[PDB]
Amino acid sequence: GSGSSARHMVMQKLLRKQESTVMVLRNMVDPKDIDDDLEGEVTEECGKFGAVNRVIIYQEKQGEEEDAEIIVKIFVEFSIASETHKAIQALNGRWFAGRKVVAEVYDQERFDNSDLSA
């Protein structure tokens, strides 16, 4: 036709999506060498990408044993999604002090339910 549906923004109010603003940063930290001020350090560093609402550092057990492996997962919630993705693109697949890190978007609902397992 003439693109009429787009031109009149037909049904646009139904089609809005909420975007996650949460980044998960993986493999950044050895679990045996965790800075006391890690949360603050991450907070300040991430200010190079956007307004940071909060940071949670989570030491995740990989099993139930007393000696189960620990993996450090760093969550950063930014004010807006464009900031989250700026941070992800600056970090993901890159090396820091001999560690190759993974940075990805994390589901907002899971984060807001304190489900830090993914």
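So that there is no doubt, residue numbering starts at 1 and follows the sequence shown.
Student: Averaged over C-alpha atoms, is the B-factor higher for 1-9 or for 108-116 in this PDB entry?
Tutor: Comparing 1-9 with 108-116, the higher average CA B-factor belongs to 1-9.
Student: With reference to the PDB entry, specify whether the mean Cα temperature factor is higher for 98-106 or for 10-18.
Tutor: Here the higher of the two C-alpha B-factor means belongs to 10-18.
Student: Going by the CA temperature factor in the entry, name the top one among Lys48, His85, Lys32, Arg54.
Tutor: Each of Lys48, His85, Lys32, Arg54 was compared by C-alpha B-factor; the highest is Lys32.
Student: Sorting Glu77, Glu60, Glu39, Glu65 by Cα temperature factor from the record, which one lands on top?
Tutor: Highest C-alpha B-factor among the listed options: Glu65.
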